[PDB]
Amino acid sequence: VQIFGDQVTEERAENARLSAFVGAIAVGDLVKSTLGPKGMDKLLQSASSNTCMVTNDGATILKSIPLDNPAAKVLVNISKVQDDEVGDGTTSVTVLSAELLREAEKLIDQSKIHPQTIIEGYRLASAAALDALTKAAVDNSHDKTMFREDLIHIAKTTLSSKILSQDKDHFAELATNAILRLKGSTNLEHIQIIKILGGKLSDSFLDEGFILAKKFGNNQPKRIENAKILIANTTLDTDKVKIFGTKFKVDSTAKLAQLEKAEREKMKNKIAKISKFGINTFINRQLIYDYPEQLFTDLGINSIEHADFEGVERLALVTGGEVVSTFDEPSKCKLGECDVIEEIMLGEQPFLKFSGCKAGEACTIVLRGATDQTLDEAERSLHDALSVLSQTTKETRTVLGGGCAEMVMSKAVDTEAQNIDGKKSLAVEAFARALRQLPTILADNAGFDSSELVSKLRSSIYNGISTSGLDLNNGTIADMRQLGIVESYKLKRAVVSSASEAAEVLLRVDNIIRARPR
Amino acid sequence: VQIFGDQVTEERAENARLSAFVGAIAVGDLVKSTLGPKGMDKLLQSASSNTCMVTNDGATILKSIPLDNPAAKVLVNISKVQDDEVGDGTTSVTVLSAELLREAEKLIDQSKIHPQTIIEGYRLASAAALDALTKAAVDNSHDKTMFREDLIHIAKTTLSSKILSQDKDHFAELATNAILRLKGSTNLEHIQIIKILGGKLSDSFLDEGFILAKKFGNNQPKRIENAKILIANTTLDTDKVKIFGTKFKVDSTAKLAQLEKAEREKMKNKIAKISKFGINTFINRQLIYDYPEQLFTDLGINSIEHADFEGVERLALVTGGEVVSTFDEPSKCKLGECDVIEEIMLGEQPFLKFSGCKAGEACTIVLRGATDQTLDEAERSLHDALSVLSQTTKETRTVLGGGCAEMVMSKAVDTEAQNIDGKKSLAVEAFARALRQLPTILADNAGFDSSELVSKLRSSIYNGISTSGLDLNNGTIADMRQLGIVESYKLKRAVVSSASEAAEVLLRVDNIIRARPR
Amino acid sequence: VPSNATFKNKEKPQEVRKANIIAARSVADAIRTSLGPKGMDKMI
Amino acid sequence: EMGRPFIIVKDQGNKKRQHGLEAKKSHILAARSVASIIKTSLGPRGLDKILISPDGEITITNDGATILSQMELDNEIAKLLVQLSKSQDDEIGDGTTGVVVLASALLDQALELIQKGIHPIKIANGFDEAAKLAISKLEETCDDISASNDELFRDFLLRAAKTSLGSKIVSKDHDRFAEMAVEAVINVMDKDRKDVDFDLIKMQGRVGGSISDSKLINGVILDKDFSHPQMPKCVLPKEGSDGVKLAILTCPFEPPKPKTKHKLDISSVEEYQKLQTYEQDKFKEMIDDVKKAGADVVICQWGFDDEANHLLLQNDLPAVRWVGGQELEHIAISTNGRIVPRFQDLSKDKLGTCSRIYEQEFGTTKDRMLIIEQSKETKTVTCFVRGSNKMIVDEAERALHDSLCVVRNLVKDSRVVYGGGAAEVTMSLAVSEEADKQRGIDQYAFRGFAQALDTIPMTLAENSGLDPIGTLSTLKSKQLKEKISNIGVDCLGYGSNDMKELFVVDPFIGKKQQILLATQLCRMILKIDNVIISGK
Ligand SMILES: Nc1ncnc2c1ncn2[C@@H]1O[C@H](COP(=O)(O)OP(=O)(O)O)[C@@H](O)[C@H]1O
Ligand SMILES: Nc1ncnc2c1ncn2[C@@H]1O[C@H](COP(=O)(O)OP(=O)(O)O)[C@@H](O)[C@H]1O
Ligand SMILES: Nc1ncnc2c1ncn2[C@@H]1O[C@H](COP(=O)(O)OP(=O)(O)O)[C@@H](O)[C@H]1O
Ligand SMILES: [Mg+2]
Ligand SMILES: [Mg+2]
Ligand SMILES: [Mg+2]
């Protein structure tokens with residue numbers, strides 16, 4: 001009978017299944033063109049405010065596009081968390097998750113195997129794949145020169161698909177030099193992205209020290225040699241006194257004029273407390289009123305106001321000092337030193353450029369381009385590069401790229417496919433064909449024949465060698481160690497683990513219950 | 001610049017092939033359950049007057065269901081031609097032509113084969129396919145007893161798919177006798193299928209004579225013997241002369257009494273000429289009025305009225321006489337003979353039974369069933385059974401079925417794929433793998449394995465045994481000559497040619513143009 | 001020679017790139033008149 | 001305005017206008033929208049297109065005229081291209097797709113020249129001088145085939161027959177359709193090999209069977225059975241006789257009545273019995289007239305009577321009813337007979353002659369279709385085409401119609417040229433050579449037509465999947481190296497860019513008609529400045 005209500009779509013075991021698989025096909029065909037170095041970027045047009053967005057990342061493509069399909073929402077969420085974990089490889093999760101379901105659609109229809117039996121093949125196949133992925137890795141970080149070279153290769157492999165593919169030889173130095181300056185600290189908040197219109201893509205230059213978009217006061221000078229930097233999370237504004245609930249009872253206005261004299265004398269004594277250190281600049285988090293601003297003139301102190309919360313830590317780590325608010329004891333809180341405090345102009349906005357600091361634990365990537373859509377792509381491209389290289393510092397193991405990681409994992413899966421009895425061995429081989437489909441797609445986006453290079457790569461690796469890969473520039477098999485293509489071990493581990501869990505969730509479905517929308 | 005008018009749906013991209021390919025897959029999957037002996041019947045709900053229809057043939061199903069896809073019309077039209085040409089194998093064309101497009105889908109997407117290469121392989125693959133049937137056929141024309149046994153086994157094969165799978169042992173003798181009755185007349189219109197609801201399904205029979213749907217008019221007897229049959233298509237009732245401009249210039253009504261008497265005198269004179277033959281039964285297609293009906297009583301002649309013109313052809317051939325008009329010359333004219341005539345009752349409607357006729361060039365079949373729906377299914381059955389057996393007389397060559405016909409084609413098709421080295425070999429292999437699916441769905445409908453059971457049939461034929469096939473009652477390989485199932489050469493030639501040419505249609509599309517509905 | 005090594009599916013990117021080019025050139029035709037000393041002014 | 005309603009033409013607010021450069025961009029882009037439909041269809045590696053009429057019926061076609069004919073359009077520029085393809089289809093019947101792609105190629109190259117500021121009349125005059133110059137060159141380079149005997153002249157039709165069948169439906173049996181197409185013209189032809197009548201051969205399709213079942217039969221196709229089917233279906237001739245003695249009649253079997261409305265008054269019983277005698281004697285006299293004439297099979301236009309059918313069965317005389325007058329025009333020419341109006345003028349000299357009459361089923365219950373065959377060469381051939389689908393046999397009709405039209409062009413003397421992209425490139429390099437000394441203001445006009453002709457080879461490069469620039473570079477360098485101009489694009493990959501080895505031939509009259517209709521339409525579209533269109 002009718003059990004749900006009006007305007008409620010229900011499906012049962014032939015409409016429920018084949019609606020998620022066609023949704024997995026629908027979400028996978030979109031991100032098929034974005035995979036690889038020769039991939040085309042997708043343009044997203046918003047429904048409101050005529051906001052356009054040029055982006056190559058599969059997560060950002062799925063963030064903006066609305067998708068009412070429940071099966072596609074699983075692919076939307078797994079690309080979100082994959083961007084949260086590593087930052088790169090979200091497209092490979094969506095492609096590998098869709099092709100695993102594309103293969104499983106045939107095993108359910110053609111071979112007539114239960115869904116639970118397909119998962120049991122994927123559990124053993126995924127275990128054999130990760131064991132081969134663990135053994136195929138190589139140690140690093142024992143020699144800093146090799147660790148420097150591998151980060152350059154990882155930056156080249158990451159930016160090969162983004163808009164920086166042509167200038168990756170120059171941006172690889174910019175990407176890897178900033179990470180080594182972190183001194184092991186894994187955090188992306190210490191890197192600023194300043195948007196500048198004009199120039200070309202290769203005009204991005206490496207900055208010595210730290211640069212930000214702020215300005216001096218009204219009366220401050222242009223240049224001060226060997227300036228001492230201080231950072232105040234203070235209120236140099238109308239301080240009030242903090243026992244909110246203070247009011248001023250006044251019997252006559254004679255003492256009220258002397259009361260206002262005490263307020264000016266209160267802040268004068270506070271600025272006099274600043275001058276005991278003998279600093280040359282003063283950085284405040286919030287706005288500085290004019291009366292503090294005039295007092296820094298005769299004392300020879302620079303003033304910078306309205307600093308962001310991230311900018312405090314980003315500037316303090318480069319300075320080396322600590323944020324001070326009390327200003328009571330001059331013994332502790334040793335401040336840094338900067339040689340050149342002179343500002344420069346890049347475009348129509350002046351920026352305060354620093355140089356010759358104690359430490360460079362925070363950095364700033366200056367970018368140049370034509371359109372803001374390209375700068376947004378430049379931001380997302382290097383954010384994925386810096387995110388992968390930053391996690392490579394903590395996780396040392398890496399694995400060869402260029403499609404060799406997919407085929408070398410499928411070798412152990414195919415080896416373990418023969419000794420497994422029952423119908424799940426076909427599902428173990430279906431997992432192998434899913435790994436083979438990634439380099440099949442890399443040849444399709446490049447416009448070369450896919451069946452020949454996959455057949456040559458597959459026959460070559462079974463001979464005994466395990467260093468061969470796809471060279472899409474020449475269109476043939478080549479040595480990946482010569483070209484210098486390598487990726488992190490946690491990236492491909494997260495992709496295979498996320499794709500295995502992606503197929504597992506959607507394969508354990510039998511009914512769809514879509515309640516009424518609000 | 002939108003050159004087209006308003007509401008003009010055009011698809012000039014990959015969605016056009018996807019929309020055309022998914023339409024055939026939907027039509028293909030719709031008929032997968034109707035194939036084989038264990039197939040399930042389907043139910044049709046009409047939109048006008050709630051007139052239901054139960055039918056297993058794909059031609060009646062696809063013609064009844066509405067489908068707006070242009071690809072669906074090709075599957076509808078190829079099934080209509082197969083239903084009109086042979087009368088059997090329509091679902092095989094629908095499922096094979098859809099599977100050829102299904103197998104051709106992955107070549108377009110995965111392997112990226114040109115559409116002109118896929119059809120070019122199907123040309124050479126279809127040529128080798130028909131050549132396999134040239135050598136695999138057997139001519140049983142030299143002996144009538146073996147040909148009599150061949151019509152049994154063909155009736156066993158055709159009737160097993162419908163609801164008469166249990167009663168096919170009894171109707172196989174009924175079907176083959178009707179063909180030996182017609183002695184080569186392949187016209188299916190010479191068999192009257194009288195529909196009777198009620199009674200057991202096995203109560204059908206085949207009387208040696210022609211059974212009328214009507215009875216005697218007023219007083220003519222039921223039981224007679226040694227009756228001479230005379231057939232006329234003559235008005236023979238209130239003769240309106242060939243020119244309608246005739247009139248009577250009547251000067252007095254007494255003379256008009258003579259004119260109406262003269263109309264009775266010529267009619268009395270015409271019936272007097274009927275008595276010169278010395279007959280006891282007279283049959284006319286026009287409905288007989290009262291005045292000529294009365295004159296047959298004194299002469300001792302029986303009268304039957306309102307016979308249909310299609311029944312006069314059957315009536316003349318069972319009786320063996322000739323239709324006589326212009327009765328002045330009884331010498332040149334011919335009349336039939338019969339031993340006994342008797343009126344019977346099967347249910348509520350009475351019928352006239354003829355038995356002991358000289359000529360046996362036609363017959364009538366009386367069916368019995370629980371519902372009009374079962375009776376309809378039954379009817380549609382014997383029509384498909386008698387249609388194949390009727391064409392078996394003119395095409396004596398036969399082919400063994402049960403998965404052996406599709407596999408011996410694939411044995412020759414796979415042999416020719418090696419001598420055409422290049423990219424065309426994948427297309428010919430796709431044509432081979434499409435033929436493997438017909439015994440697969442035949443195994444899936446009975447609830448057996450799709451891979452292992454087909455694999456045993458694969459190995460059995462290449463060992464050098466071209467008589468192995470599937471046996472569905474036990475689920476194992478058995479000999480086809482002992483079981484006794486065989487099809488005609490025209491059937492297997494038709495479905496291979498129809499399914500092959502049907503694949504050529506929807507592989508050359510690259511655009512779908514939809515104008516406005518009217 | 002023919003029927004080998006590829007087949008160009010998904011020609012909609014080619015159709016989309018043509019639509020973007022003619023869309024950009026059609027906007028450029030309105031801006032083209034304002035070039036040089038003999039150009040004209042635009043009121044919006 | 002000055003406040004009053006300023007109206008000039010009726011329905012002022014409904015219709016619009018368009019002028020300036022924006023009117024031109026609407027024209028060229030409208031041609032590119034139609035050219036993209038035709039560009040992926042042209043050549044042997046093309047793809048049909050599927051059309052849907054408003055009545056639900058579909059037609060799977062790949063001939064530019066039938067596509068554009070059943071296409072509901074709004075833009076007038078495409079509607080002129082609809083008529084241009086129909087113009088090529090009616091007269092020549094070859095190159096519809098070409099005329100369309102080629103006219104767009106002239107229009108696409110004209111877009112760049114309009115940007116430079118060339119007046120459209122100088123553009124149109126440039127293509128007119130270039131078109132006649134290319135026709136004047138191609139008329140000199142092509143060779144004549146009339147010097148060869150009839151045995152080799154049959155092979156030239158097989159060269160063009162295989163060219164026309166390919167790129168279309170029934171590619172599977174195209175070797176037999178070429179022989180069947182050539183065999184149709186061997187029967188129907190003039191002794192001087194000139195001005196053959198095309199109306200003698202009509203098209204007839206049958207929904208059923210397979211393509212292999214099609215064969216040649218010299219006769220008429222009637223969609224009806226014999227009257228009162230008790231006789232044997234297949235009637236044979238006598239032992240000694242000239243033939244079956246076919247008889248045709250445009251008079252129904254009835255008593256003779258006036259054509260005007262009449263009133264036959266019978267004022268007596270004696271006159272009423274004479275009417276019965278008059279009724280019977282007319283049918284008796286009628287069957288005796290055709291009996292003495294020796295006819296075996298009788299064809300009646302306006303049908304007949306139950307009473308004569310029996311009289312027809314006893315005398316072993318098959319007959320038919322409801323035969324339309326158009327079919328009787330086809331029966332008299334095939335069997336070489338004269339249609340008698342009445343029985344009084346019946347004579348043995350007017351009766352036709354044919355080999356045999358028979359009928360088959362084609363299946364279960366479809367319909368009984370009559371078949372006639374001749375024992376020798378006659379002036380009538382009826383193609384008996386079968387098909388597994390209604391769209392297959394429908395496309396096979398217009399495909400075979402174009403095949404007979406291509407052979408009809410070769411009946412004209414000294415009109416042969418080797419196609420395959422060779423005719424386009426060989427006419428292109430000479431136009432660029434003339435521009436080097438005929439520079440003037442129209443130097444870029446010749447370069448536009450030179451680049452527009454080369455697009456059809458590039459269209460074949462896209463469908464075949466080869467590199468266009470490498471193809472045109474090799475063909476252009478080969479034409480400059482050697483003056484032999486029968487090398488073209490090797491579409492089917494048999495090696496040999498040369499075209500004599502691959503047995504391909506196009507009509508010369510068809511090829512020059514491509515640039516004529518393309519240039520003549522481009523001269524018209526470039527004249528349009530104001531575009532006034534009204535609302536539906
Ligand atoms: N220069 C290159 N040469 C060959 N293959 C490459 C190259 N750069 C990247 N790849 C391949 O592209 C695949 C996906 O790259 P990735 O950076 O993850 O793209 P996305 O970020 O869009 O997922 C990897 O598996 C890798 O093998
Ligand atoms: N008892 C049986 N044993 C083995 N095979 C059978 C048996 N009954 C039917 N079949 C197979 O099933 C098929 C039924 O085909 P059918 O349903 O008649 O096709 P269509 O309905 O399209 O004419 C035949 O090819 C036959 O070989
Ligand atoms: N078998 C073939 N080999 C080489 N070229 C061919 C072949 N068939 C057709 N062509 C070429 O394809 C071009 C387009 O022909 P097509 O578009 O099929 O004819 P139409 O325009 O009359 O429909 C012609 O110029 C012809 O030279
Ligand atoms: Mg990446
Ligand atoms: Mg059947
Ligand atoms: Mg043509």
# chains A, B, ... in the order shown; residues from 1 in each chain; ligands from 1

call {"tool": "interface_residues", "arguments": {"of": "chain B", "to": "chain D", "cutoff": "7 Å", "atoms": "only C-alpha atoms", "output": "PyMOL selection string"}}
result
chain B and resi 1+3-5+70+77-78+81+84-87+116+123+187-189+233+242-243+245-250+258-259+262+324-326+387+497-498+508-518

call {"tool": "residues_near_ligand", "arguments": {"ligand": "ligand 2", "cutoff": "8 Å", "atoms": "only C-alpha atoms and all ligand atoms", "output": "ChimeraX atom specification"}}
result
/B:34-37,39,56-58,87-93,156-162,384,400-403,442,469-473,483,485-487

call {"tool": "interface_residues", "arguments": {"of": "chain B", "to": "chain C", "cutoff": "7 Å", "atoms": "only C-alpha atoms", "output": "list in words"}}
result
residues 13, 14, 112, 113, 114, 117 and 423 of chain B

call {"tool": "select_by_dssp", "arguments": {"residues": "range 152-322 of chain B", "states": "helix (DSSP H, G or I)", "output": "VMD selection string"}}
result
chain B and resid 152 to 159 168 to 182 188 to 190 201 to 203 253 to 275 290 to 299 309 to 319

call {"tool": "write_last_selection", "arguments": {"atoms": "C-alpha atoms", "output": "compact mmCIF listing (two decimals), in the first residue's frame"}}
result
# COMPACT_ATOMS: atom_id res chain seq x y z
CA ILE B 152 7.96 -32.38 -34.82
CA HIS B 153 11.25 -31.09 -33.39
CA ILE B 154 10.76 -27.62 -34.89
CA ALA B 155 7.32 -27.53 -33.24
CA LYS B 156 8.96 -28.62 -29.98
CA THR B 157 11.39 -25.70 -30.24
CA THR B 158 8.93 -22.95 -31.19
CA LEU B 159 6.07 -23.93 -28.85
CA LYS B 168 3.63 -29.04 -26.85
CA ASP B 169 3.84 -32.85 -27.00
CA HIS B 170 0.19 -32.95 -28.11
CA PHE B 171 0.17 -29.82 -30.31
CA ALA B 172 3.35 -30.94 -32.11
CA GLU B 173 1.27 -33.67 -33.77
CA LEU B 174 -1.50 -31.12 -34.36
CA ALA B 175 0.88 -28.57 -35.87
CA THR B 176 2.65 -30.93 -38.28
CA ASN B 177 -0.62 -32.46 -39.53
CA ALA B 178 -1.89 -29.02 -40.56
CA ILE B 179 1.30 -28.50 -42.60
CA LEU B 180 1.03 -31.93 -44.25
CA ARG B 181 -2.64 -31.08 -44.83
CA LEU B 182 -1.73 -27.91 -46.75
CA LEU B 188 -1.32 -18.69 -43.18
CA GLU B 189 -4.76 -17.20 -43.98
CA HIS B 190 -6.09 -20.69 -44.90
CA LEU B 201 -5.99 -26.54 -22.23
CA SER B 202 -5.29 -30.00 -23.71
CA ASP B 203 -8.86 -30.32 -25.12
CA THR B 253 -51.01 -0.66 -59.83
CA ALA B 254 -52.45 -3.88 -61.29
CA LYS B 255 -49.55 -3.96 -63.76
CA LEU B 256 -47.09 -3.24 -60.94
CA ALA B 257 -48.47 -6.33 -59.19
CA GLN B 258 -47.23 -8.25 -62.24
CA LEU B 259 -43.82 -6.55 -62.11
CA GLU B 260 -43.17 -7.58 -58.50
CA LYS B 261 -44.48 -11.01 -59.50
CA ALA B 262 -41.96 -10.97 -62.36
CA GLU B 263 -39.18 -10.28 -59.85
CA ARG B 264 -40.38 -13.37 -57.97
CA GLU B 265 -40.65 -15.38 -61.20
CA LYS B 266 -37.03 -14.76 -62.22
CA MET B 267 -35.92 -15.53 -58.66
CA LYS B 268 -38.12 -18.63 -58.79
CA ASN B 269 -36.51 -19.36 -62.17
CA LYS B 270 -33.02 -18.85 -60.70
CA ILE B 271 -33.67 -21.27 -57.83
CA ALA B 272 -35.11 -23.68 -60.41
CA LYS B 273 -31.70 -23.62 -62.13
CA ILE B 274 -30.03 -24.49 -58.80
CA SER B 275 -32.15 -27.65 -58.59
CA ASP B 290 -36.77 -14.76 -46.70
CA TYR B 291 -38.13 -15.40 -50.21
CA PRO B 292 -35.25 -17.43 -51.74
CA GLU B 293 -34.84 -19.20 -48.38
CA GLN B 294 -38.36 -20.67 -48.61
CA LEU B 295 -37.90 -22.25 -52.05
CA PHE B 296 -35.02 -24.43 -50.78
CA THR B 297 -37.39 -26.22 -48.37
CA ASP B 298 -39.48 -27.97 -51.03
CA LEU B 299 -36.36 -28.92 -53.04
CA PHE B 309 -15.16 -13.85 -48.24
CA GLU B 310 -11.98 -15.08 -46.55
CA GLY B 311 -13.94 -18.15 -45.41
CA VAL B 312 -15.19 -18.87 -48.93
CA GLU B 313 -11.57 -19.50 -49.93
CA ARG B 314 -11.12 -21.94 -47.04
CA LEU B 315 -14.56 -23.43 -47.70
CA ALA B 316 -13.81 -24.08 -51.38
CA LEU B 317 -10.47 -25.82 -50.73
CA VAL B 318 -11.65 -28.12 -47.91
CA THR B 319 -14.67 -29.16 -49.97

call {"tool": "closest_atom_pairs", "arguments": {"of": "chain B", "to": "chain A", "cutoff": "7 Å", "atoms": "only C-alpha atoms", "output": "Markdown table"}}
result
| residue | atom | partner | partner_atom | distance |
| --- | --- | --- | --- | --- |
| B:111 | CA | A:451 | CA | 6.5 |
| B:450 | CA | A:111 | CA | 6.0 |
| B:451 | CA | A:111 | CA | 6.4 |

call {"tool": "write_last_selection", "arguments": {"atoms": "N, CA and C atoms", "output": "PDB file, in the first residue's frame"}}
result
ATOM      1  N   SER B 111      38.228   1.817 -26.143  1.00  0.00           N
ATOM      2  CA  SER B 111      39.267   1.616 -27.145  1.00  0.00           C
ATOM      3  C   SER B 111      39.313   2.718 -28.199  1.00  0.00           C
ATOM      4  N   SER B 450      26.278 -17.957 -15.571  1.00  0.00           N
ATOM      5  CA  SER B 450      26.524 -17.304 -16.850  1.00  0.00           C
ATOM      6  C   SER B 450      27.920 -17.567 -17.403  1.00  0.00           C
ATOM      7  N   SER B 451      28.907 -17.821 -16.540  1.00  0.00           N
ATOM      8  CA  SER B 451      30.302 -17.962 -16.941  1.00  0.00           C
ATOM      9  C   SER B 451      30.727 -19.413 -17.095  1.00  0.00           C
TER      10      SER B 451
END

call {"tool": "interface_residues", "arguments": {"of": "chain D", "to": "chain C", "cutoff": "8 Å", "atoms": "only C-alpha atoms", "output": "PyMOL selection string"}}
result
chain D and resi 464-466+491-495

call {"tool": "write_last_selection", "arguments": {"atoms": "C-alpha atoms", "output": "mmCIF file, in the first residue's frame"}}
result
data_model
loop_
_atom_site.group_PDB
_atom_site.id
_atom_site.type_symbol
_atom_site.label_atom_id
_atom_site.label_comp_id
_atom_site.auth_asym_id
_atom_site.auth_seq_id
_atom_site.Cartn_x
_atom_site.Cartn_y
_atom_site.Cartn_z
ATOM 1 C CA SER D 464 39.069 10.074 -41.847
ATOM 2 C CA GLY D 465 41.024 11.138 -38.743
ATOM 3 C CA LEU D 466 44.232 12.209 -40.526
ATOM 4 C CA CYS D 491 40.057 8.046 -47.823
ATOM 5 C CA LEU D 492 39.758 4.349 -47.709
ATOM 6 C CA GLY D 493 43.405 3.786 -47.032
ATOM 7 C CA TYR D 494 44.412 1.691 -49.929
ATOM 8 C CA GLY D 495 47.571 3.638 -50.269
#

call {"tool": "residues_around", "arguments": {"residues": "range 341-356 of chain B", "least_positions_apart": "2", "cutoff": "10 Å", "atoms": "only C-alpha atoms", "output": "ChimeraX atom specification"}}
result
/B:196-199,207-216,221-227,281,318-319,337-339,358-360,366,368

call {"tool": "write_last_selection", "arguments": {"atoms": "C-alpha atoms", "output": "mmCIF file, in the first residue's frame"}}
result
data_model
loop_
_atom_site.group_PDB
_atom_site.id
_atom_site.type_symbol
_atom_site.label_atom_id
_atom_site.label_comp_id
_atom_site.auth_asym_id
_atom_site.auth_seq_id
_atom_site.Cartn_x
_atom_site.Cartn_y
_atom_site.Cartn_z
ATOM 1 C CA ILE B 196 -13.412 -20.917 -27.291
ATOM 2 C CA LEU B 197 -13.025 -20.090 -23.593
ATOM 3 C CA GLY B 198 -13.486 -22.835 -21.003
ATOM 4 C CA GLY B 199 -12.316 -26.409 -20.618
ATOM 5 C CA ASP B 207 -11.056 -32.186 -37.265
ATOM 6 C CA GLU B 208 -10.774 -33.263 -40.904
ATOM 7 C CA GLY B 209 -13.028 -30.567 -42.309
ATOM 8 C CA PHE B 210 -14.141 -26.944 -42.099
ATOM 9 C CA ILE B 211 -15.999 -25.655 -39.023
ATOM 10 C CA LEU B 212 -18.440 -22.795 -39.593
ATOM 11 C CA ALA B 213 -19.042 -20.051 -37.038
ATOM 12 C CA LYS B 214 -22.780 -19.905 -37.983
ATOM 13 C CA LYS B 215 -25.797 -22.235 -38.213
ATOM 14 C CA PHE B 216 -28.751 -22.967 -40.481
ATOM 15 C CA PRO B 221 -31.972 -30.092 -40.707
ATOM 16 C CA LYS B 222 -28.850 -30.599 -38.614
ATOM 17 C CA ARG B 223 -27.880 -34.186 -39.537
ATOM 18 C CA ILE B 224 -27.630 -35.208 -43.205
ATOM 19 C CA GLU B 225 -25.507 -37.500 -45.386
ATOM 20 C CA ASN B 226 -24.169 -37.459 -48.956
ATOM 21 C CA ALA B 227 -24.512 -33.702 -49.473
ATOM 22 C CA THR B 281 -26.537 -28.038 -49.685
ATOM 23 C CA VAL B 318 -11.648 -28.125 -47.911
ATOM 24 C CA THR B 319 -14.669 -29.160 -49.975
ATOM 25 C CA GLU B 337 -18.565 -33.708 -52.170
ATOM 26 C CA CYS B 338 -18.878 -34.643 -48.505
ATOM 27 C CA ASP B 339 -19.851 -37.766 -46.573
ATOM 28 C CA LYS B 358 -12.342 -35.538 -50.515
ATOM 29 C CA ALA B 359 -9.953 -32.593 -50.727
ATOM 30 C CA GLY B 360 -7.808 -31.863 -47.681
ATOM 31 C CA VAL B 366 -10.360 -25.300 -32.306
ATOM 32 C CA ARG B 368 -9.729 -24.334 -25.594
#

call {"tool": "residues_near_ligand", "arguments": {"ligand": "ligand 6", "cutoff": "7 Å", "atoms": "only C-alpha atoms and all ligand atoms", "output": "JSON, numbers by chain"}}
result
{"D": [94, 95, 164, 167]}

call {"tool": "atom_distance", "arguments": {"atom1": "CA of residue 302 in chain B", "atom2": "CA of residue 284 in chain B"}}
result
11.1 Å

call {"tool": "residues_around", "arguments": {"residues": "residue 453 in chain A", "least_positions_apart": "4", "cutoff": "9 Å", "atoms": "only C-alpha atoms", "output": "compact mmCIF listing (two decimals) with N, CA and C atoms, in the first residue's frame"}}
result
# COMPACT_ATOMS: atom_id res chain seq x y z
N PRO A 439 45.90 5.12 -16.07
CA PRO A 439 46.79 5.44 -17.19
C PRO A 439 46.13 5.32 -18.55
N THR A 440 45.03 4.57 -18.67
CA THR A 440 44.24 4.59 -19.90
C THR A 440 43.66 5.98 -20.15
N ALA A 443 46.37 8.72 -21.34
CA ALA A 443 46.63 8.71 -22.77
C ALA A 443 45.49 9.29 -23.58
N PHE A 448 46.84 10.57 -27.55
CA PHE A 448 47.57 9.43 -28.08
C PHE A 448 46.77 8.15 -27.90
N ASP A 449 47.23 7.09 -28.56
CA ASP A 449 46.58 5.79 -28.44
C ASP A 449 46.78 5.25 -27.03
N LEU A 457 53.12 -0.84 -21.53
CA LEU A 457 53.49 -0.63 -20.14
C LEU A 457 53.18 -1.87 -19.30
N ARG A 458 52.05 -2.53 -19.59
CA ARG A 458 51.67 -3.70 -18.81
C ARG A 458 52.59 -4.88 -19.09
N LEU A 470 54.81 6.19 -18.41
CA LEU A 470 54.29 6.84 -19.61
C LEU A 470 54.94 8.21 -19.78
N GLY A 475 55.09 10.33 -26.34
CA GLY A 475 54.12 9.30 -26.66
C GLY A 475 54.70 7.90 -26.70
N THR A 476 55.50 7.54 -25.70
CA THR A 476 56.12 6.22 -25.63
C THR A 476 56.51 5.94 -24.19
N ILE A 477 57.04 4.75 -23.96
CA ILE A 477 57.50 4.33 -22.63
C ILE A 477 58.90 4.89 -22.41

call {"tool": "residues_near_ligand", "arguments": {"ligand": "ligand 3", "cutoff": "9 Å", "atoms": "only C-alpha atoms and all ligand atoms", "output": "PyMOL selection string"}}
result
chain D and resi 38+41-46+62-65+88-89+93-100+162-168+402+418-424+456-457+460+488-493+499+502-506+511
